[PDB]
Amino acid sequence: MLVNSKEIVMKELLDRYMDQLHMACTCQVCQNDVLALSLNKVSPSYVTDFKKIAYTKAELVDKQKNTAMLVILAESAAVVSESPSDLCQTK
Amino acid sequence: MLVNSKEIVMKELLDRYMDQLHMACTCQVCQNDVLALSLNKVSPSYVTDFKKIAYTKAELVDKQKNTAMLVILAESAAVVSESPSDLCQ
Ligand SMILES: [Zn+2]
Ligand SMILES: [Zn+2]
């Protein structure tokens, strides 16, 4: 299967560090918006071997690399918090 | 709900030019390699609404832009052909 390994990384960081990103709404819509803003800000890393995504995801341990990504998510989270899409929860 | 629109463009362009790229193997595995190498050389364009990906397939039918992307396809095609993944055959 054809998949950008950065999307796997983000989705993982987003789920693990959801609370420290301080989102106004946590519905799937708002979450997808954060992901999209963030994935459009990192260089694509498409692969075809699931074993290869495992290697990438492992390289971004709790120590070292993940912080730069958490910062982009947080930043994107701010934007979605203030300017939510019309497809989000309403009333 | 979460797709890179470039992915929708490259797939549509590949299955319109695949038989012109002089690819060594044309199995799904090598096709994925081509798409992956190509997707990695263009800027991501992630979307969340379904209304964009539908019309995105129409404004890619327009040219000049896809020409730049065709080149990419072809350049990706040469690499995959020259060095096929061991998941192919
Ligand atoms: Zn929401
Ligand atoms: Zn092949």
Side-chain angles (χ1 to χ4, degrees), chain A residues 1-14 32-61 65-66 68-69 72-73 76, chain B:
Chain A
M1 177 180 184
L2 182 276
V3 46
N4 181 7
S5 64
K6 293 284 179 58
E7 184 181 341
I8 308 313
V9 173
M10 297 293 202
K11 276 179 187 185
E12 175 106 13
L13 290 169
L14 175 60
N32 282 339
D33 290 344
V34 178
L35 290 169
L37 268 43
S38 320
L39 287 168
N40 290 338
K41 290 183 184 176
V42 299
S43 80
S45 170
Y46 278 94
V47 297
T48 53
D49 191 340
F50 288 110
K51 186 178 181 71
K52 180 79 71 184
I53 318 172
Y55 186 83
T56 297
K57 181 184 165 189
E59 192 180 344
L60 291 64
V61 205
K65 295 306 174 62
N66 63 271
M69 223 130 292
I72 296 167
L73 290 172
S76 303
Chain B
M1 272 307 185
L2 177 60
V3 50
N4 181 3
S5 58
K6 286 309 174 43
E7 181 168 349
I8 309 293
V9 178
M10 289 296 172
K11 284 174 190 182
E12 183 66 17
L13 289 176
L14 171 51
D15 283 34
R16 188 178 188 97
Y17 287 108
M18 183 178 61
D19 301 337
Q20 300 178 33
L21 296 180
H22 303 268
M23 292 178 53
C25 179
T26 55
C27 76
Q28 193 66 22
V29 177
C30 283
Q31 288 177 42
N32 287 342
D33 291 315
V34 175
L35 291 174
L37 267 52
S38 305
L39 287 173
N40 284 350
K41 298 157 179 181
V42 297
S43 55
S45 306
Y46 275 82
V47 312
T48 62
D49 197 335
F50 295 83
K51 298 182 94 293
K52 292 145 183 163
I53 58 182
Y55 307 147
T56 305
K57 207 164 185 188
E59 49 197 343
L60 83 85
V61 178
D62 180 85
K63 298 193 173 175
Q64 287 74 234
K65 177 178 299 181
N66 51 18
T67 302
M69 289 201 185
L70 183 54
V71 163
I72 306 298
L73 291 184
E75 293 177 357
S76 300
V79 177
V80 180
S81 295
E82 193 68 24
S83 300
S85 57
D86 288 327
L87 300 321
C88 163
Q89 283 175 352

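We use all heavy atoms of the structure for the numbers below, so side chains are in, but hydrogens, waters and symmetry mates are not. A note on names: the letters A, B, ... follow the listed sequences, proteins ahead of strands, and every chain is numbered from 1.
Of all heavy-atom pairs between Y17(B) and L70(B), the closest is CG-CD1, 3.5 Å. Closest non-hydrogen pair, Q31(B) versus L14(B), comes out as O-CD2, 3.9 Å. Considering every non-hydrogen atom in both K51(B) and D49(B), the closest pair reads N-OD1, 3.0 Å. Here the closest non-hydrogen pair linking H22(B) and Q20(B) is CD2-O, 3.1 Å.
A 4.5 Å side-chain heavy-atom check between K65(B) and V9(B) finds every atom pair outside the cut-off. Between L60(B) and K57(B), some side-chain heavy-atom pair lies under the 4.5 Å cut-off. Inter-residue side-chain proximity for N4(B) and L39(A) is flagged as unmet; no heavy-atom pair is nearer than 4.5 Å. Looking at heavy atoms from C-beta onward, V34(B) lies in side-chain contact with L73(B) at the 4.5 angstrom threshold.
Expressed to the nearest 0.5 Å, how far OH of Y46(A) lies from CD of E7(A) amounts to 7.0 Å. Rounding to the nearest 0.5 Å gives a distance of 10.0 Å between CG of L13(B) and CG of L21(B). Rounded to the nearest 0.5 angstrom, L37(A) CG and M10(A) CE are separated by 10.0 Å. Going from atom OG1 of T67(B) over to atom NZ of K63(B) covers 7.0 Å, rounded to the nearest 0.5 Å.
The backbone N or O of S43(A) sits less than 3.5 Å from a side-chain atom of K6(A), completing a donor-acceptor pair.
Residues that satisfy the side-chain contact (heavy atoms from CB on, under 4.5 Å) test with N32(A), not counting sequence neighbours, are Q28(A), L35(A), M1(B), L2(B), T48(B). Considering only residues two or more places apart in sequence or on other chains, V3(B) meets the side-chain contact (heavy atoms from CB on, under 4.5 Å) condition with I8(B), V47(B), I53(B).
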Residues 76-89 of chain B side chain polar contacts: donor-acceptor under 3.5 Å, at least two apart:
unit_1, atom_1, unit_2, atom_2, d
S76(B), OG, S38(B), N, 3.4
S76(B), OG, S38(B), OG, 2.8
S76(B), OG, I72(B), O, 2.9
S81(B), OG, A24(B), N, 2.9
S81(B), OG, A77(B), O, 2.8
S85(B), OG, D33(B), OD2, 2.9

